[PDB]
């Protein structure tokens, strides 16, 4: 079934995609296209991939893009996590150590969330009779424990049904999405609701492929973070919550040591009063340590197309 060897493949790819060039070429795009096409052709030879199979793959990719699910698929196949594995190894080779660990962004960030100093309430109260109240708090410091005032703590997470605002058009705009600037003591406090883990859209393209792979499409409960500050490396991270069925079986492979938090229960009447609440709530501490930006440091910032509102 081998109709072409790699030499013959490379010659064909060059004839079609390089020899045909006239005028200015983007050299990087040319390099990447030539490599990926040659690899695709060689996989077609090695696995004897039939035209009907190739068309099914392209039809799948078309459907995935129309469903806006390619970011989700990048998470599920483990490509998004792989990019973090690479970034961690690049940082190790730079001698950059310390700092809260990174993990995946996911595909559901939205720019433009309400900003406040030191404290934000993240939810609109529309689920107050059906989900636990959660307070999250932490201090943002450098690697030696010195507080950072004015650090930008961006948080987003799912509602009691595992759905995110903007994508779920039934929620109010920016529900469960906030930017909190750390106060004079380096502190942030978020008053919110307990996120639940969630699956992929069950009739969607990502779950369709996971089904063929015998795989589930679930993530454990988590809260996403961007943390940034002048003079420090930007951090993309999350915490997961101890106790979740899928904690160490995340379909997007994002859970890490250092990023698992325990939700404590507060039933004490005095403490409840102090928080201006009326019922028991859950409490999570999540401190963040940022690494100073050095001339030698690889960038920790990632350009990516992101929703805005």
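Positions refer to the first chain, counted from 1.
With 264 to 272 and 40 to 48 compared on mean CA B-factor from the PDB entry, the stretch scoring higher is 264 to 272. The stretch 124 to 132 shows the higher mean C-alpha B-factor when 124 to 132 is compared against 212 to 220 in the entry.
Comparing the listed residues 206, 238, 170, 192, the entry records the largest Cα B-factor for 170. Considering 85, 94, 73, 180 together, the PDB entry gives 94 the largest C-alpha B factor. Looking at the C-alpha B-factors along this chain, the one for residue 160 belongs to the middle third.
Sort the chain's modelled residues by C-alpha temperature factor and residue 108 lands in the lowest third, per the entry. Split the chain's modelled residues into thirds by C-alpha temperature factor. Residue 248 is in the middle one. When the modelled residues of the chain are ordered by their C-alpha B factor, residue 226 lands in the lowest third. Annotation for residue 90: C-alpha temperature factor in the middle third relative to the rest of the modelled chain, per the entry.
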